[PDB]
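Data first, discussion second: the structure below is written as structure tokens.
Where a number appears in this text, it was derived from the coordinates with a stated rule and is not lab data. All Cβ positions, even for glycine, are placed from backbone atoms using ideal geometry, and neighbour counts span all protein chains on display.
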Amino acid sequence: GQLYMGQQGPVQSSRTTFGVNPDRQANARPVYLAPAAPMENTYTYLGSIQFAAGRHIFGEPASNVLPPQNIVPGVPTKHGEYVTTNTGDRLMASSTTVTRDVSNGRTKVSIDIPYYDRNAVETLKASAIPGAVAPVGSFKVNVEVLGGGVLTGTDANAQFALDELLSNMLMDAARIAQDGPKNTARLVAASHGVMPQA
Amino acid sequence: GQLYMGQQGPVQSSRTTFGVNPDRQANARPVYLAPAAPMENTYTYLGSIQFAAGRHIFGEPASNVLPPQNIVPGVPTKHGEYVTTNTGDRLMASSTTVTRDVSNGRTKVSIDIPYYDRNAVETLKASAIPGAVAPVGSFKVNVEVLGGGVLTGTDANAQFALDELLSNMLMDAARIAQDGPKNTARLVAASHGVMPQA
Amino acid sequence: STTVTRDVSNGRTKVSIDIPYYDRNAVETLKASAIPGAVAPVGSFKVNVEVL
Amino acid sequence: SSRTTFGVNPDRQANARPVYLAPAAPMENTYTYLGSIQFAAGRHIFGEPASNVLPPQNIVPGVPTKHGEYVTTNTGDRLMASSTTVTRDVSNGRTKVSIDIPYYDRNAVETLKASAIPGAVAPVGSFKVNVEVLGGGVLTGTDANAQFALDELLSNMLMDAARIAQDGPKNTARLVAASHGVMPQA
Amino acid sequence: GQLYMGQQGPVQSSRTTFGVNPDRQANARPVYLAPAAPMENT
């Protein structure tokens, strides 16, 4: 490579793999599985807008905090679900689901909430029809933490520090995801991004 | 080509491309995007006929002037939509849409309004059935301005004059489209044109 | 020629208007120089209207 | 594969960075000077532009291009319309702006004017000026903020180069019909 | 040569020796010869 001046004389710079231990520690670490899933932020906002945005009408949950669906204390699982059942006036009750998959150092949490056709629901109310409406679509939010491949000398204590580091990256990621003025479009029906000049 | 008399003597007429600059100016001009779409003419007529022509029954709009659906101030788009929601007695509410596409010097505005089956709606009212009717079809009107390829010396000020020229061609085109006595058939279910002898 | 075209078929009626334009630089150079050349159109502008 | 390096690491950053493209080209300096000399020097007569700021000819907003042109039309008395062109090329970290303005034969133009005869005249030649920035080879460590700093560094070298090119008394020959360069004494 | 617009159409510019009389008159003209040379300035 390039040439520089060492005390022996002019010496060639060199790039070597000598002295780098890339060995990894196996993803064999049991992790804490919450006994319920708190959806407080989303449901307080849904109470704020009165469970209706435009033509999307939403169901009222059973609880702001979701109970486990297929998780039992003391039984290890790689897939766990929490669920409640949204209900509403002239709405067929429909479940809202929070899924957690923990495999090979990869943790992934997904949230799926359904909605209904407000045009149909208000037609039902206004002309005094006796039927109900089934869900029309959903919205989904996924979050993923790739925490595999810790190094071999990673202390049992230092894995907790790494835990907190990843959780702070999580917070930063969601903030960057929703960052922006609420005067302007930023998430739904997205086509492309346009950052403003000033 | 042909022969004529020039002062040098009999001279051959000639047709050349010398001295004609056909260079064009790129379609890189931001255009004004209305903050709402006024449909006043069509909806005043729809109030005139009481939202019913024959078997076609129409919905009553939310507003004569339509708000933006996916347009945000200060965000440039090549596609923008305005919408309201028609409602009616024993009619499932249904949206009426006004679409504007602005690409490569071509501006295109389309209007789509739905209608419903009056035979079904009056059956509902007359025999006191509790259901409602969904839209049965629509009518659409398209308008297109091909304003691409302005010349290179077109002044910034003169592009406004060209703007107004195109808008006047628009007016003339719609007048030619609907021109004719209202005693005789001229638009819907059209098969061919027959201009009268006298 | 400036042209207005009407197509009526299968319930769809469509009116199109096409007007041509010439190179003002060529025309005015000819006029100022008192040259007897006549200029052919360099382009056109078009407006379409359609009823389904 | 991760390797520890002793000495210089010459890894360069790939030239894969979009750059800002002006929506028009300002030519204010040259056209104000052309107005100053009444669009005529010696036997060279120039045309009057439609605008001092040139609009894009083949550039569309939001569409990446590696070659773009701004253009206007010079018109003149007894003259055939001739376009003045500003070309910008961006490729592989090298960005180059070229300016081309045509001129005409003043003897033909004023002989026609004085003879009151129908002729008109086309351009005889042009003058061209090129400017080139070799910005490739950014090192690996450089982040975006540092790249902005490098942007401004190159622009300052640009200004220095133009000043060094035009440097000298206006009493004396310095650019056109150049044969060789000579330095004065004391 | 170059091309321009004449009233017949686009026409080629041309450079000719037609109509230029370069004939010269012989140097056969007696000239005045001063009867003395004034060097007053020097």
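Below are the figures for this structure:
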{"item": "Computed [θ] at 222 nm, deg cm²/dmol, chain C (DSSP H ≥ 4; -39,500 (n - 2.57); rounded to nearest 500)", "result": "-5000 deg cm²/dmol"}
{"item": "Geometric extent, Cα atoms of the stretch D:67-111 - Rg, Dmax (angstrom)", "result": "14.9, 50"}
{"item": "Convex hull volume of the stretch B:115-175 per residue (C-alpha atoms, cubic angstrom)", "result": "137"}
{"item": "Range in chain B, longest, excluding exposed trypsin sites (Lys or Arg not before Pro) [loop by DSSP; at most 14 other beta-carbon atoms within 10 Å]", "result": "B:79-181"}
{"item": "Principal axis dimensions, largest first and in whole angstrom, of chain D by Cα", "result": "82, 54, 22"}
{"item": "All-pairs alpha carbon distance profile, the stretch B:97-198, 5 Å steps from 0, percent", "result": "2, 8, 12, 13, 13, 12, 11, 9, 8, 4, 3, 2, 1, 0, 0"}
{"item": "Positive-end residue, the stretch D:18-95 charge dipole about Cα centroid, Cβ charges, pick of D:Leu79, D:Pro23, D:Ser91", "result": "D:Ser91"}
{"item": "D_trans [Stokes-Einstein, Kirkwood Rh over alpha-carbon pairs] for chain C, 4 °C, 1.567 mPa s, µm² s⁻¹", "result": "97"}
{"item": "Partner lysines for D:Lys66 [C-alpha distance under 16 Å; skip if fewer than 8 residues away on the same chain]", "result": "D:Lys96"}
{"item": "Cα-based equivalent ellipsoid of the stretch D:1-99: semi-axis lengths in Å, sorted from largest, via gyration tensor", "result": "42, 16, 10"}
{"item": "Expected-Rg normalisation [2.2 N^0.38 Å, Cα atoms] applied to the protein assembly as shown", "result": "1.50"}
{"item": "Total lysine pairs under 23 Å (Cα atoms) in chain B, excluding pairs fewer than 8 apart on one chain", "result": "4"}
{"item": "Cα principal axis extents for the stretch A:148-193, largest first, Å", "result": "48, 18, 12"}
{"item": "Whole-Å distance, taken between Cα centres, linking the stretch B:1-73 and the stretch B:78-101", "result": "23"}
{"item": "Under 20 Å from C:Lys31, Cα to Cα: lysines that are on another chain or at least 8 residues apart", "result": "D:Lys113"}
